[PDB]
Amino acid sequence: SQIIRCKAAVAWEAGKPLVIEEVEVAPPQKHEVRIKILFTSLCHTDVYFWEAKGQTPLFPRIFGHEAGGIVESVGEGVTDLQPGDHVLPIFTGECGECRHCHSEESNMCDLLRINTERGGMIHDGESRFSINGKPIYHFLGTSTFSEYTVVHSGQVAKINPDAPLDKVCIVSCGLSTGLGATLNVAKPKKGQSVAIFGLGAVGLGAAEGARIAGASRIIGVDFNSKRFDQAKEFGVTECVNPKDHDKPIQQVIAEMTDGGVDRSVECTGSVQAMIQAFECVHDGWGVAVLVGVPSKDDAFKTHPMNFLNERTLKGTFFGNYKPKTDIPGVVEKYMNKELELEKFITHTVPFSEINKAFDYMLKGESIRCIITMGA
């Protein structure tokens, strides 16, 4: 393997439109594999770092971590992948030899866990992308906004090759995160009630999951009332717009629910919402799960007696799925009609029109928009 010349959607500057550039993609080194991206979608996390809203801004940069693609070649030492394999890159990985990989509870691999500041590869600290000899930096070790990318093999999930990559690409971030937030972490019992603050693609995976758990009540909570109608299709039974109420939104919920919900799942990334997501669960057994990544440093607060009232609070990342281990299995779940994915997909654009995807999410019009390479 040599260096590939391909198209990538490059961000040169914070909060500005992406540019399709001809870039050069270096070959994979030890433990890296080089992937042909076939399909990708946009996740809000891309937008947050694209706006350099919160994080250390780093530009120029190639975003994208929700994708479906094909292994083009593999690096030295790689035994679990080969050219031609159908794969999903995931923003956080699984080495199989750390305590966290070794743990039943955690997916925060000491090696391959999410790192949002890092713009280069693990191996040598260099970027595999460049234009005119200058590095274009990586994202979450995936950088899927390029026709070809290089990803550590540990962050690459081989899946059933008959799976349509243009549906199952959403399984690589948003969908599983919400889903897992519910099934693996909150773990609502049959008949129980669940509150979900945020109804984007993540929130709706969580809803799909609580329904999957047999929750009897799934309360959708969102500031954008226009997200409400579609939400019932994913298992949501009622929606609440905090603006439509004088009461504290957690007080609104506690009253709806003879005291508060059984589980809540936080999907938007607002600390007050987190505060609100925790305080809206029932005492004694309520468990709140935070999953939206916050931009503020605002503290989680509250009178401790809510806890001493035996309410638990768990935080999660990527639905606590182990990437190489579980995710191939989840994809199988769609072939098997447990999971209905087409409905998460509301827009489609060609790679050449990738900027339409930023526009749609920012207008609250899309859940997921699929971007198609080669167009």
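In this text, residue numbers run from 1 along the sequence as written.
> Averaging CA B factors per stretch from the PDB record, which one is higher: 164-172 or 240-248?
Result: 240-248.
> Highest mean C-alpha temperature factor of the two stretches 217-225 and 300-308, which is it?
Of 217-225 and 300-308, the stretch with the higher C-alpha B-factor average is 300-308.
> If you check the C-alpha B-factor for each of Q276, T149, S130, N107 in the entry, which is highest?
The listed residue with the largest C-alpha B-factor is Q276.
> Of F63, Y321, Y334, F59, which one's C-alpha B factor is largest in the deposited record?
So the option with the highest C-alpha B-factor is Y334.
> Split into thirds by Cα B-factor across the chain's modelled residues, where does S295 land: lowest, middle or highest?
For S295, whose C-alpha B-factor we compare with every modelled residue in the chain, the answer is the highest third.
> Going by the recorded CA B-factors, say which third of the chain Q55 sits in, lowest, middle or highest.
For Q55, the deposited C-alpha B-factor lands in the highest third.
> Place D80 in the lowest, middle or highest third of its chain's C-alpha B-factors, as listed in the PDB entry.
For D80, whose C-alpha B-factor we compare with every modelled residue in the chain, the answer is the highest third.
> What third of the chain, by the recorded C-alpha B-factor, contains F234?
Its C-alpha B-factor, which the entry lists for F234, ranks in the middle third among residues of this chain.
> Split into thirds by Cα B-factor across the chain's modelled residues, where does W285 land: lowest, middle or highest?
Ranked within chain, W285 CA B lands in the highest tercile.
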